[PDB]
Protein chains: 2
Amino acid sequence: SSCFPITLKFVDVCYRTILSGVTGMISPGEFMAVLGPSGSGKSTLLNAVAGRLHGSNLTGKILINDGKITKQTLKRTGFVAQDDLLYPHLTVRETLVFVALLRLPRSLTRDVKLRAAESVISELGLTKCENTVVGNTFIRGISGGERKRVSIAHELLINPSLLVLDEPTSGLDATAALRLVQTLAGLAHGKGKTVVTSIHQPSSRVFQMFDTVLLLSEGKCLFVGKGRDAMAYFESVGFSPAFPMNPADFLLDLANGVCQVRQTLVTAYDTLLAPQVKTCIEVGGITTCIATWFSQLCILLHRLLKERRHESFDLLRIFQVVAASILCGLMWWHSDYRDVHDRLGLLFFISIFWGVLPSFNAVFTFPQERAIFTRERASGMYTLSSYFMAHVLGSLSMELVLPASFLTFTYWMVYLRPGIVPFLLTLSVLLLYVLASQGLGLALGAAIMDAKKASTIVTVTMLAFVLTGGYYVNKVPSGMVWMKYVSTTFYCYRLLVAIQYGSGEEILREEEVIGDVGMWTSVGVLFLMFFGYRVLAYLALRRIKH
Amino acid sequence: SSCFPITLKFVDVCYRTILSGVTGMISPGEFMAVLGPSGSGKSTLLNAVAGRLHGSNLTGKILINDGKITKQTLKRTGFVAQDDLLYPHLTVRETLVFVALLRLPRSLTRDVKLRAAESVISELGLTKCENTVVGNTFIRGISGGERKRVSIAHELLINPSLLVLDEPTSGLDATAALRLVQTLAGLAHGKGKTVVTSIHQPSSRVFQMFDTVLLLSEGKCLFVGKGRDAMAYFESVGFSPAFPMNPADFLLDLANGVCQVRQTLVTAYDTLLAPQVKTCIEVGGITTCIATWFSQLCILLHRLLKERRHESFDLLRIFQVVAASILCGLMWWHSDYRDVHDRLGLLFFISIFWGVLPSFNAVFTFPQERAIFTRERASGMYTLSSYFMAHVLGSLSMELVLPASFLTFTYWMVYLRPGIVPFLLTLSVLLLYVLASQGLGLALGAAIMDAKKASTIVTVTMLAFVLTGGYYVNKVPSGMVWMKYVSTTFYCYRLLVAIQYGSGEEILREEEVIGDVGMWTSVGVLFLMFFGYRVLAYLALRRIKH
């Protein structure tokens, strides 16, 4: 792999000071480690050499193969970050299949996009756990050193020629962190890539696997050399250990003061190594762009299918609906339609329960997956308008199966109106109201992007929708009668009474409670709240500038 | 300190195998490290040598100063565990003052119990942050290496002569984990104590601070010696490194296979070191016991005072009560008492809101602090009956200030009955109902001890209390009329109507809604649910056998 070499030179990097004159070169086929104490800015060097600091404070010359950070050579570079962002309910094989269908170019087949995702599984040693779910801290999945190899496989699908990693071995074991360094040395030696990593606290034989070492001590680097003459260099200045110790622990003490002194390391670097490195340092149309959109939406629906039915079918949401079905069928068992005060309280309990329950569970959707979206939209996998519509279409399928089972169990126990026409009109109003209540939660969760702070604002909003719905207060004090024309509970409840009683005179053989609004101007407003709360959630997610 | 030495011998420990013949002795004034791979059972050795495995599977001779694990010599032993259990809202000084008032003996003054808690602060180096709050991951407190010194200070108040620690330096920094080992070597050398610790992955100069080393490789130990002749012993068998490396990394490779082989280490141990260690291995009344109880309750009230007002006065619970006060004063503004259907809906909204809101927030109390309670009750600081009554008395003070401010703002806006006698009877019924609704949440949170699983059972229970309360369903189908005699919402709502309308005939100048239950048999049942739900929470916490 990678028969197209690369050479990375970063003459005089200065970031504002964090970095103050870092200079070195990275030949193709080298495995380099950036060593430094926690604060020297060894994470800032990796981002500003992979093209993540966009020339604002970065005053240096990051030139890639005697060039620049032009986008033609930036698609040959992968940056593996420090935290892992994976979906739990996908297995290891189908994690890397949906990523290969989104990242690899559109002018290929589906044949060599599945053989490009199984040549990456059986190269990082993931062929044992490929049918095991990924999981998280709450789902029994895969181990944390084998969870890191899925993040590295996510970057090797596009076949990069420069791989930049940010603390791979961190939290891993003693022997899991050695086999990971042994494959990263197998990429740089066997394939011919160029790996630049930053190891925090290496070990006695992890330091033997390295090839070149960079030592940062708050800005100015102290040593750039081939990783086994590091201990023979500092004894020429006059620094040497006493007791037998790790060669990586002797260097990380010279980086912060403790010797066996910090200022003479900086002066001796600019007189013997910096003259040595800097002499060598110069020598489709319209039909294409629509079918690309619908394929981004069909992959993102199947990728998120297992996540949506984890939200809407756990056993603590089924138990709240089975309980409310039994308590309604036992309180209003074989109810009579001639006592109007009881049946109007049945029809208002349905409006409270199915407006509070869809709106509350919808404010957790977008703040839960924000780091996953902003990492993957910035990497060119998908846009916002196809990510968003895969949540709109995928949530109006799973959220319409518990209210449809509530009503079937309950409709002929409590003796509502008999017939197939009053039953299918009562189900249609109930499912339109669940979709209008859900979009109010999606609009408040996206505008605020905090799940605990928006959970109390949907409480206060839905408390005012119930009180102005038309059941508790029979006469409203004349500066509050405007308030019922914005609530979803008012328009649902006037439609349920119009189906069960009609115009009103059929029971007259209690008139302000069977009053007049209109049956076509109540379904017309529940569609304006269906479409209108989904548009205000798109515009609230458009504001997040990456 | 510790002018009463101790000598720990643990001849032939075998635990069922985890441990299979561990044998050694620990002289007074030594700092010993137990080294081993993750799985060798170096945590099981520390618990079974501090007296935490109670002779069931532990088939060995744990003898302490040629004795046994009799309770007279077990109060001279401190075991610092691995995770830290601290209250966040207490500062560092008053954390160690409440612990000193509970652990030190009762036959002292309060003078030398505060000078015994400030000679521990200015000995572990906590005199800089003594006025800084402890915090957690969510509150900005103190650093995680300085959070560990508060756990060690918790065990040095009783002045032990054997201190046993379980991975102290874990998650700490490179230089924070060196200064912690330097004070633990200052206890064993300067004072004269006996420190036995188990370090996971030590460093190059952390290994120089040790004095004796124990090396466990799955059961049978491989080396017991004075920590600087460890590398000179294995080269006499014929094992030696090649590249320069940490002496703790060479040993932890011989413990699992990897050499520069595992079975010849076990045989060579039982022929040269085991004959060497085993030749030396033999040569008040009634007024006292009540005032002790009331002092445990006065300390535990002030210790938990800052935690109770974090629960009941955050800005997301104040915003739900200010919103409901405004929505009630605007919907029923200057209401009239002659339209009875509106005022009965005002009095039923108060019963729903103040039964759902106290019961929901009470199921989080006991599962939140279970590891703190079971650690500290087992250590002899307090019992269950004084820990429990400090939550009962401390929660009926802070939970009666938001419903008392709700009613004062609202009572003369919505024009309920004028006078000081109908106002103080309406406040008294509302505060008795809040205390009865709270105990139902405490009983369900303690029986289940899971905050998410009990949060849906208080939902289903309080949904059935509302529907059988007496407002929605006017006639109940004759097998469900028993169900209203167990709900708290029924007994509160019949008392509010009896204060605002009375016997009923005063408005008769709508009779099943101003019916008959009794005003003394409704306050008598709200007290039986006050006391009865608190007794069922004590019996549900009594079942947890440590």
# chains A, B, ... in the order shown; residues from 1 in each chain; ligands from 1
>>> interface_residues(of="chain B", to="chain A", cutoff="6 Å", atoms="only C-alpha atoms", output="list in words")
residues 204, 245, 246, 342, 345, 472 and 473 of chain B
>>> write_last_selection(atoms="C-alpha atoms", output="short mmCIF file (atom, residue, chain, number, x, y, z; two decimals), in the first residue's frame")
data_model
loop_
_atom_site.label_atom_id
_atom_site.label_comp_id
_atom_site.auth_asym_id
_atom_site.auth_seq_id
_atom_site.Cartn_x
_atom_site.Cartn_y
_atom_site.Cartn_z
CA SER B 204 11.94 4.62 37.23
CA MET B 245 15.13 -0.75 31.03
CA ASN B 246 13.16 -0.09 34.19
CA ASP B 342 -64.02 26.30 37.87
CA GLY B 345 -60.62 22.50 39.02
CA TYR B 472 -62.33 12.98 36.12
CA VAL B 473 -64.65 9.99 36.53
#
>>> select_by_dssp(residues="range 278-491 of chain A", states="helix (DSSP H, G or I)", output="ChimeraX atom specification")
/A:278-279,287-303,305-311,315-331,340-360,365-368,371-378,384-398,402-410,420-448,457-467,483-486,488-491
>>> residues_around(residues="range 127-143 of chain B", least_positions_apart="3", cutoff="10 Å", atoms="only C-alpha atoms", output="list in words")
residues 86, 87, 88, 89, 90, 91, 92, 93, 94, 95, 96, 118, 120, 121, 122, 123, 124, 146, 147, 148, 150, 172 and 176 of chain B
>>> write_last_selection(atoms="N, CA, C and O atoms", output="short mmCIF file (atom, residue, chain, number, x, y, z; two decimals), in the first residue's frame")
data_model
loop_
_atom_site.label_atom_id
_atom_site.label_comp_id
_atom_site.auth_asym_id
_atom_site.auth_seq_id
_atom_site.Cartn_x
_atom_site.Cartn_y
_atom_site.Cartn_z
N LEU B 86 -16.53 10.96 48.91
CA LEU B 86 -16.52 12.22 49.63
C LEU B 86 -17.75 13.03 49.26
O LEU B 86 -18.28 12.91 48.15
N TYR B 87 -18.21 13.87 50.19
CA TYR B 87 -19.30 14.78 49.87
C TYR B 87 -18.74 16.04 49.21
O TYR B 87 -17.73 16.57 49.65
N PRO B 88 -19.38 16.53 48.15
CA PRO B 88 -18.78 17.62 47.37
C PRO B 88 -18.88 18.99 48.02
O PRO B 88 -17.95 19.79 47.92
N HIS B 89 -19.99 19.28 48.67
CA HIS B 89 -20.26 20.65 49.10
C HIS B 89 -19.58 21.01 50.40
O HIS B 89 -19.67 22.16 50.83
N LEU B 90 -18.90 20.06 51.04
CA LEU B 90 -18.10 20.34 52.22
C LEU B 90 -16.71 20.77 51.78
O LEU B 90 -16.20 20.30 50.77
N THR B 91 -16.11 21.68 52.54
CA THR B 91 -14.75 22.07 52.22
C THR B 91 -13.78 21.04 52.80
O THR B 91 -14.20 20.06 53.41
N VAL B 92 -12.48 21.22 52.59
CA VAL B 92 -11.52 20.21 53.02
C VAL B 92 -11.36 20.22 54.53
O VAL B 92 -11.22 19.16 55.15
N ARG B 93 -11.45 21.39 55.15
CA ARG B 93 -11.29 21.46 56.60
C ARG B 93 -12.49 20.87 57.32
O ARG B 93 -12.33 20.10 58.26
N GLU B 94 -13.70 21.22 56.90
CA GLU B 94 -14.86 20.70 57.59
C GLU B 94 -15.24 19.30 57.15
O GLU B 94 -16.08 18.69 57.80
N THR B 95 -14.64 18.76 56.09
CA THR B 95 -14.72 17.33 55.86
C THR B 95 -14.04 16.56 56.98
O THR B 95 -14.63 15.65 57.56
N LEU B 96 -12.83 16.96 57.34
CA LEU B 96 -12.06 16.22 58.32
C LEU B 96 -12.42 16.59 59.75
O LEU B 96 -11.91 15.96 60.68
N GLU B 118 -6.52 18.92 62.80
CA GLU B 118 -5.67 19.89 62.15
C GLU B 118 -4.20 19.53 62.26
O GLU B 118 -3.37 20.21 61.65
N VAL B 120 -3.50 16.60 61.15
CA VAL B 120 -3.53 15.63 60.07
C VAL B 120 -3.58 16.40 58.76
O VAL B 120 -3.02 15.98 57.75
N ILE B 121 -4.23 17.57 58.79
CA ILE B 121 -4.19 18.47 57.64
C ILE B 121 -2.78 18.99 57.41
O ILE B 121 -2.24 18.91 56.31
N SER B 122 -2.15 19.50 58.46
CA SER B 122 -0.77 19.98 58.34
C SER B 122 0.24 18.88 58.63
O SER B 122 1.21 19.07 59.37
N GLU B 123 0.01 17.71 58.06
CA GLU B 123 0.98 16.62 57.99
C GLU B 123 0.99 15.94 56.63
O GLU B 123 2.06 15.49 56.19
N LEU B 124 -0.12 15.90 55.91
CA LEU B 124 -0.18 15.39 54.56
C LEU B 124 -0.10 16.50 53.53
O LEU B 124 -0.25 16.24 52.34
N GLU B 146 -4.75 15.31 45.24
CA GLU B 146 -5.00 15.98 46.51
C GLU B 146 -6.33 15.55 47.10
O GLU B 146 -6.59 15.80 48.27
N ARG B 147 -7.17 14.93 46.28
CA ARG B 147 -8.37 14.23 46.70
C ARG B 147 -8.04 12.89 47.35
O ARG B 147 -8.81 12.40 48.17
N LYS B 148 -6.90 12.30 46.99
CA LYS B 148 -6.47 11.04 47.58
C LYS B 148 -5.90 11.24 48.98
O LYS B 148 -5.98 10.35 49.81
N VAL B 150 -7.08 13.23 51.16
CA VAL B 150 -8.18 13.37 52.10
C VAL B 150 -8.68 11.99 52.52
O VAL B 150 -9.10 11.80 53.66
N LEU B 172 -3.23 9.33 38.80
CA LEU B 172 -2.46 10.50 39.17
C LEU B 172 -1.40 10.78 38.11
O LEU B 172 -1.17 9.99 37.20
N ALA B 176 2.73 14.05 40.54
CA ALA B 176 1.84 13.95 41.68
C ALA B 176 1.91 12.57 42.31
O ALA B 176 1.68 12.43 43.51
#
>>> residues_around(residues="residue 14 in chain A", least_positions_apart="6", cutoff="8 Å", atoms="only C-alpha atoms", output="PDB file with C-alpha atoms, in the first residue's frame")
ATOM      1  CA  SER A  20       8.335  28.691  19.642  1.00  0.00           C
ATOM      2  CA  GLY A  21      10.520  27.338  16.863  1.00  0.00           C
ATOM      3  CA  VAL A  22       9.840  23.663  16.221  1.00  0.00           C
ATOM      4  CA  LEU A  58      -0.093  29.458  13.122  1.00  0.00           C
ATOM      5  CA  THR A  59       2.870  31.499  11.873  1.00  0.00           C
ATOM      6  CA  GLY A  60       5.032  28.858  10.241  1.00  0.00           C
TER       7      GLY A  60
END
>>> residues_around(residues="range 218-233 of chain A", least_positions_apart="4", cutoff="6 Å", atoms="only C-alpha atoms", output="VMD selection string")
chain A and resid 18 to 22 40 211 to 214 269
>>> write_last_selection(atoms="C-alpha atoms", output="PDB file, in the first residue's frame")
ATOM      1  CA  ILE A  18       2.761  27.436  22.879  1.00  0.00           C
ATOM      2  CA  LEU A  19       5.236  26.558  20.129  1.00  0.00           C
ATOM      3  CA  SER A  20       8.335  28.691  19.642  1.00  0.00           C
ATOM      4  CA  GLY A  21      10.520  27.338  16.863  1.00  0.00           C
ATOM      5  CA  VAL A  22       9.840  23.663  16.221  1.00  0.00           C
ATOM      6  CA  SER A  40       4.525  21.243  26.380  1.00  0.00           C
ATOM      7  CA  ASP A 211      12.452   4.937  15.111  1.00  0.00           C
ATOM      8  CA  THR A 212      12.813   8.718  15.556  1.00  0.00           C
ATOM      9  CA  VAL A 213      12.018  10.785  18.658  1.00  0.00           C
ATOM     10  CA  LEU A 214      10.951  14.417  19.113  1.00  0.00           C
ATOM     11  CA  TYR A 269      20.125  22.378  20.695  1.00  0.00           C
TER      12      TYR A 269
END
